[PDB]
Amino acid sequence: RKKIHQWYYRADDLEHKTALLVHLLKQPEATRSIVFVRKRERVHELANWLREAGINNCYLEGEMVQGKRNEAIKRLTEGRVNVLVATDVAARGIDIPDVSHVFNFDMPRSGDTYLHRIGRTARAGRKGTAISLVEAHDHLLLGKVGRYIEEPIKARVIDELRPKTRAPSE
């Protein structure tokens, strides 16, 4: 069973957490990313948030009539776009190709969900990266998930963007 690079960054603010992604998406490494979210509402915004930063991001949320769901998907497999934002439902029966990055903007309660999200990345061979961004309300959830899966997710820090409050209790 597969194997992928996995990292996480803890965050203070929603605002921080979304600059973290912004920074992380503007990297040459980033190629075809999908970013998951939890709430319905947050798909629309985070998509805005992204352009402004200067990243064409396309947003796909689970009411969309299936035609739109294809017009969204087609832009991404076309270089036009390399960021898709969605929820777990919004992207259920879709295969997208040659993904390289999966992001958990919101953490899932279960490692089952987690595993399906990062299951998106390729298998082309060349080996994708799953990065979680954890707000302090997600900390437990990051641990519960880690234990679900074989092993924990190693922490990282972006030098410039840096957590100005302490790590949560346990």
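For every residue, the number given is its place in the sequence shown, counted from 1.
Please compare 142-150 with 13-21 and name the stretch with the higher mean C-alpha B-factor in the deposited structure.
Per the PDB entry, the higher value belongs to 13-21.
May I ask you to compare 47-55 and 116-124 by their mean CA B factor in the entry and name the higher one?
Result: 47-55.
Highest Cα B-factor in the PDB entry belongs to which of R38, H137, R69, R32?
Out of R38, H137, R69, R32, the record gives the largest C-alpha B-factor to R69.
Third of the chain, ranked by Cα B-factor, where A86 sits:
As the PDB entry reports it, the C-alpha B-factor of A86 lands in the lowest third of its chain.
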